[PDB]
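Note: hydrogens, waters and symmetry copies are ignored here, and every other heavy atom, side chains too, is used. Below, chains carry the letters A, B, ... as their sequence lines are ordered, and counting in each starts from 1.
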Amino acid sequence: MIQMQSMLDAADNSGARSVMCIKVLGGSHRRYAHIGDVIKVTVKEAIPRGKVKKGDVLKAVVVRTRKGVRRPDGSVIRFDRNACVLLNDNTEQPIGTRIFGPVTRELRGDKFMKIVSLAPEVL
Amino acid sequence: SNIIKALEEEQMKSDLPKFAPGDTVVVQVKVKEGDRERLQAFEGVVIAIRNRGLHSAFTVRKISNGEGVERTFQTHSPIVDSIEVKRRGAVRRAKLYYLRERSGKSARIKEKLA
Amino acid sequence: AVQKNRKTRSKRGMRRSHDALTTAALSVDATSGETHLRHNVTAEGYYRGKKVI
Amino acid sequence: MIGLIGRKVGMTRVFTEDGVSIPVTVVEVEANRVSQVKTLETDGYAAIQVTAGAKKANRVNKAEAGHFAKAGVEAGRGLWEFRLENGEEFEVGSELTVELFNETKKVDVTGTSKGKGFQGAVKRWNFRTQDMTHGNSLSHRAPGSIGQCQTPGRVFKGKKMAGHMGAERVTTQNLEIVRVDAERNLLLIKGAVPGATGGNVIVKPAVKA
Amino acid sequence: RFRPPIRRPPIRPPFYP
Amino acid sequence: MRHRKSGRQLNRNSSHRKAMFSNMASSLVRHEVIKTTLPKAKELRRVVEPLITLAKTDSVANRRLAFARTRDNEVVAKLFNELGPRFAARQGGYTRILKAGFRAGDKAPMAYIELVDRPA
RNA sequence: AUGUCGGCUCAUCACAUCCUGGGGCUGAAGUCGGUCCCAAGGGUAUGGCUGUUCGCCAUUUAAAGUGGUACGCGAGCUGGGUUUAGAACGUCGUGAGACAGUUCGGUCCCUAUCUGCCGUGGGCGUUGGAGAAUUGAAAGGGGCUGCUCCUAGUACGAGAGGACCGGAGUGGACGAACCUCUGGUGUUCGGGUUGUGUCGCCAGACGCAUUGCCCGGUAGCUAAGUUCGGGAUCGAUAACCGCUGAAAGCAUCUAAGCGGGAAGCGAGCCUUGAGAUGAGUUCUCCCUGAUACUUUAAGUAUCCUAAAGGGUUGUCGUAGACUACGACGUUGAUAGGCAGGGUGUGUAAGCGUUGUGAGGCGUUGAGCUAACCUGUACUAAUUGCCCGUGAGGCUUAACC
RNA sequence: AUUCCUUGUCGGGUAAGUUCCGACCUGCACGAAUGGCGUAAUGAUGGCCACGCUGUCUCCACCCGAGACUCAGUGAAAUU
RNA sequence: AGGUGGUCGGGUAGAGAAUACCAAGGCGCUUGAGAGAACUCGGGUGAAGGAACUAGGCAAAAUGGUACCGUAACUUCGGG
RNA sequence: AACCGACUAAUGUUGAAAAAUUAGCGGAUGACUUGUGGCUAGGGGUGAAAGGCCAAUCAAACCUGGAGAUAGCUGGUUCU
């Protein structure tokens, strides 16, 4: 349940440490991004020599959230902190080459298959 | 309701291992990756248990790849294939949500050790 | 906030058409023959024919 | 369309073998018995009237009791009517059971919604609240303007205001049937059904099917 | 054009003396 | 909405209600019959009749429980020595409310409430 | 004494249409566009800056329409700007002062009578009365739309690219019902703990300190949760396209005649609905007494009767401001209690044991446990009183 | 606290800054005790930014009380 | 529910005449009783987010003690 | 802290109150604050200066008198 101004950790090695959702993309008046949802983000804090710099506006896919995800048996998976993976703003393909921390099977699909392949865990 | 009770007790799992808050459990969770059906193990501490017949649940908190993860399971769901209690914990409370704010040494639970 | 025209006696009367009072449900005690609010004890302390106070 | 008159028992779930939970409302359909057949010749339309359940004999008026006696059904908890459209022929006393919905994939359920009493425009109509601070004087959950000055100089009919909420006939549409239990006279219907437990519900095959 | 008016007294009720 | 909720506020805080009912129970145990307002009588049953049940089993634990709920040693003794023994066989309904008209001063609906099977 | 800018809240209408739908022309290959015609059903950004409206910018969206409504809306809110009194800068003036310049600061009242509107009752009526079930004249609600896949890398195109038509899926926003789940709340449940006071003391409790603080949490309510909705279809149409066809030997969609044709229109879906005084329909139930009197009526009076049923009273409710509505009222589970269970809390007290002691351990998952579940007449639900009558005018027709 | 044109221009800060900070000087209309320019400390002073914090807001939900509602007693008001 | 000079000031805790709970002593504030709608007032909690609110973080939330450690620019050498 | 004050907000605005309450806020050995009594008086006083204050009144107090000022203005002006 990410919205404009929400800060997210970077689950990637793109060079962002912290990003801020600028826009929930998708529909008119769409309030919230969930896991799987692409958001426009601004890089608020980045590592010294990385692919992305402070202030770089780009896309990102939310991969972990405190609100988490309901599964069809009624289960719910919640993460301690909100994270995302920066994507090329045109191609929507991950900037980084390594994912940090678990992800969910909600990313499973054609779009974010690389993320799922690289993630240390998929819950 | 006797009607709802009859309907619920037909669906209830027969033999579930006794676990308690503070236990370290390993839940074997049924995952289906396209066609293939495997078991995936969720190992962590029981921090909460809802006793509500078929509506029973339990929350397990693990720290995975540097990330806190909690999962509320529905005990009687088919998806939960098995629960193994690895360690019995000694706690003084029903719900260990205080563990959300602890880490490492602070997050350790005492063994019950009959 | 306030009327622009004093209200007639007629319309005042029309408003108070619902202001009439309704009487209490009474009954008579079997033993004491004393009228009482139905379901309530009498003044002499009977209720449904027995002295209860 | 023909339907049944159930009582909402409560909600529950049905675990599928594939580890999907299904939120179900359990409707108990005690055998419905036809108490009057209305025809075009007698009544100007084709319908059945059905009763369900039982009423304490003591609680049944003479007018009510004669109507049931004429059908040769025992008094039930009320009377509900189902229009017929297919030229379907029922007789009085004829029972209707949950087994009606053995082929039915989706039904339309109708009950009386729970009553929320007098409710303000914020809850009743999803009005936005006004500012909680920043100067607002006694007007936090106030409904705002209710019109538009000299023209038209009046409040338009149907203007959303505070008032009684709930306790109204409501029909949900296209609720899936998860299970018909003929033994226990149950329908398990996916999702929410109007009103509280114990309320009468009319179940009918879905009109938009 | 709209000429900003002075329609009301500068001190407002309930103090308006 | 108050759907399915229990307990009257009686135009009081919680701490006041708790105090008031503790008092009122002590009065009812002591005098075996008490005139109150009818809504207070109806609430009092949910306070007194559980004290009487507790008093049916005599234990240091139960006396202390009763003391906690009444803070009266005369009441606790009467509960465990008299009222428990009296109501031993009886399965609930230790009290009886008799409606008794209106109070003069405020025309409040009043009622007597009494213990059942008073020796008097 | 008709409050004046902007915002907020809440809107309502027009159509000169922003999107979505239907079309003609195109300098329309396709994909896109342009332009015009039809169309007002629904829909129609959030932020940065500024008091701003606006605008610029960032990032969205199918789209971010243009207007009217006292430049809609201050007895609905705000009061940043304008609008007083203070003070200062620039400037003008010898000066008091001034500026359509700037700057800092600077009290926004009203318990709603009437109309109106949202709700919710009471009265009477609807022609004997009563209990039900209904018909539908009428009205209201709803009406949005993205992306993906298939059709198909097909049609089209040198290529790059890339469809119509049709079908399937999954969203956004909006709405609804609901509480099984996920959660919130939970001063009515359980516990820990600080200070203090008290219960003679110890032990154990209780009061008070924001529920003292802290941790959980039942029921209910509830959204972030769950589920469902928008339609299809029929009919009539708009622009538009025709068929046949003269006037006008031809031609011509039109004059006669017959078609196609829109998110729009009438139905279709949901809700209300016979105060629809045009007061409807159906089913069932109840009342088949005397007399006198008159200026003889649909008359009056007395007596006898007091029905079906309605109320008042009572126990109450997932119903409720009051009402109303609904359940129950002993031929009884309506409420409370009580039993058993569940749930929650988390191993009571006492006693024993261990330790110098704080404390640990056993008894013990103990004790306590609200609004829950199943039961249970233990307590409380009194046919007492009212009200409602006594076969229901007349005319005409047809039937007997 | 002065600049009209004007949101001057450039730089910083922000995804985006008519405000803010630095700077430029075509100062409409600064300027030296109506003091000029600085200035540590101080300020319920003006502007701006950041962290923390949050029901301020997305977008409200629930709960505790006092009113509101009902009964009984008392009993105004502007207005007309 | 305002204002009004002086005197006296117990216990536990506490630096204290603060504060909490009490003593001595004094009071329950001269309408009550119900109910548990909207909305108003005064409070409590809040998923995810965290100033996106707004003229403006207004209001709330937050911080909060003692001892020790440690503490920058700048400075009028005191400070800060 | 007392005491003196009055920066913000909310309430209140036919108030509990003709300026308060609640939560916060400033000063708190001093150009402090307070009691009692004195003195200054209306074109006069007094003013760390707001045209502030001088008895809920102030760009000239209040009372009485001149006085029925004056009012080219407004209202009103009575039977057939």
Short side-chain to backbone donor-acceptor contact, A:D73 and A:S75, under 3.5 Å: yes

Quick one: sort the C:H36 and C:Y47 rings into parallel, tilted or perpendicular, breaks at 30° and 60°.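 The rings of C:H36 and C:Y47 stand perpendicular, inter-plane angle above 60°.
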
Output a table of nitrogen or oxygen pairs between the protein and nucleotides 110-112 of chain G separated by less than 3.5 Å.
from, atom 1, to, atom 2, distance (Å)
G:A112, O4', C:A1, N, 3.4
G:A112, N9, C:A1, N, 3.4

Whole-Å gap separating [atom2] ([N]) and [atom1] ([X]):
| X | N | atom1 | atom2 | value |
| --- | --- | --- | --- | --- |
| D:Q119 | G:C221 | CD | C1' | 10 Å |
| F:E43 | I:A33 | CD | P | 16 Å |
| D:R128 | G:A173 | CZ | P | 13 Å |

Across all strands, who's sitting opposite [N] as a Watson-Crick or G-U wobble pair, both distances under 3.5 Å?
| N | value |
| --- | --- |
| G:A64 | none |
| G:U148 | G:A168 |
| G:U312 | G:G384 |
| I:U19 | I:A13 |
| I:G78 | none |

Polar atom pairs (N or O), protein with nucleotides 138-140 of chain G, under 3.5 Å:
none

Please report the distance separating the [atom1] of [N] from the corresponding atom of [M], rounded so that it comes out in whole Å.
| N | M | atom1 | result |
| --- | --- | --- | --- |
| G:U222 | G:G169 | P | 34 Å |
| G:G47 | G:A173 | P | 15 Å |
| G:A137 | G:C174 | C1' | 33 Å |

Please indicate the pucker of G:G136, north or south, going by the torsion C1'-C2'-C3'-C4'.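 South (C2'-endo side).
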
Nearest to the [X] side chain among [options], which nucleotide is it?
| X | options | result |
| --- | --- | --- |
| B:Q74 | G:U61, G:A70, G:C181 | G:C181 |
| D:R13 | G:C181, G:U382, G:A371 | G:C181 |
| F:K99 | G:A219, G:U78, G:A380 | G:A380 |
| E:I11 | G:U84, G:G217, G:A348 | G:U84 |
| A:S28 | G:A205, G:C221, G:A63 | G:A63 |
| A:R30 | G:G171, J:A19, G:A63 | G:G171 |

Nucleotides bounding contact with chain A, strand RNA chain H, heavy-atom threshold 4.0 Å: H:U14 to H:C59

Residues which pass salt bridge (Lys or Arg N to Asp or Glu O under 4.0 Å) with A:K59, listed by chain and number, not counting sequence neighbours: none

Residue set satisfying side chain to side chain donor-acceptor pair (under 3.5 Å) with A:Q3, at least two apart, ordered chain then number -> none

Who passes side chain to side chain donor-acceptor pair (under 3.5 Å) against B:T59, sequence neighbours left out? B:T72

With the criterion being N/O to N/O and under 3.5 Å, what pairs connect the protein with nucleotides 281-287 of chain G, and how long is each?
from, atom 1, to, atom 2, distance (Å)
G:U282, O4', D:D43, OD2, 3.2
G:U282, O2', D:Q36, NE2, 3.1
G:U282, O2', D:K38, NZ, 3.4
G:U282, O2', D:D43, OD2, 2.7
G:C283, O4', D:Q36, OE1, 3.4
G:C283, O3', D:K70, NZ, 3.4
G:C283, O2', D:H67, ND1, 2.8
G:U284, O2', D:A63, O, 2.7
G:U284, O2', D:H67, N, 3.4

If pairs are Watson-Crick or G-U with both distances under 3.5 Å, what is the dot-bracket string of RNA chain J, marking crossing pairs with [ ] and pairs to another strand with |? ..(((.(((((.......|))))))))..............(.(((.....)))...)......................

For a quick check, with a 4.0 angstrom heavy-atom cut-off, what is the B/S/- contact string for nucleotides 46-54 of chain I, read 5' to 3'? -BBSSSBBS

Sugar-phosphate, base or nothing in reach of E:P5, heavy atoms under 4.0 Å: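 E:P5: base contact, heavy atoms under 4.0 Å.
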
Within the structure shown, what part of the strands sits under 4.0 Å from D:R83 by heavy-atom distance: base, sugar-phosphate, or nothing? sugar-phosphate

Expected rows: protein N/O vs nucleotides 99-106 of chain G N/O, under 3.5 Å:
none

How far apart are the C-alpha atoms of F:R45 and F:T95, what are their side-chain angles, what is the distance that settles it, and do they pass the side-chain hydrogen bond (donor to acceptor under 3.5 Å, both in side chains) test? CA-CA 7 Å; F:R45 298 174 304 175; F:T95 61; 5.8 Å; no

I'd like a list of close polar pairs between nucleotides 117-120 of chain G and the protein, N/O only, cut-off under 3.5 Å.
from, atom 1, to, atom 2, distance (Å)
G:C117, OP1, D:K157, NZ, 3.4
G:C118, OP1, D:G158, N, 2.8
G:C118, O2', D:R124, NH1, 3.0
G:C118, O2', D:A162, O, 2.6
G:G119, OP1, D:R124, NH2, 2.8
G:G119, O5', D:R124, NH1, 3.3
G:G119, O5', D:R124, NH2, 3.3
G:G119, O2', D:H164, N, 3.1
G:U120, OP1, D:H164, ND1, 3.0

Answer with yes or no whether the side chains of D:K208 and D:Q173 bring together a donor and an acceptor at under 3.5 Å.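 A pair is found: one side chain offers a donor N or O, the other an acceptor, under 3.5 Å apart.
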
Extract from the structure each pairing of a protein N or O with an N or O of nucleotides 191-201 of chain G at less than 3.5 Å, listing the distance.
from, atom 1, to, atom 2, distance (Å)
G:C199, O2, F:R71, NH2, 2.9

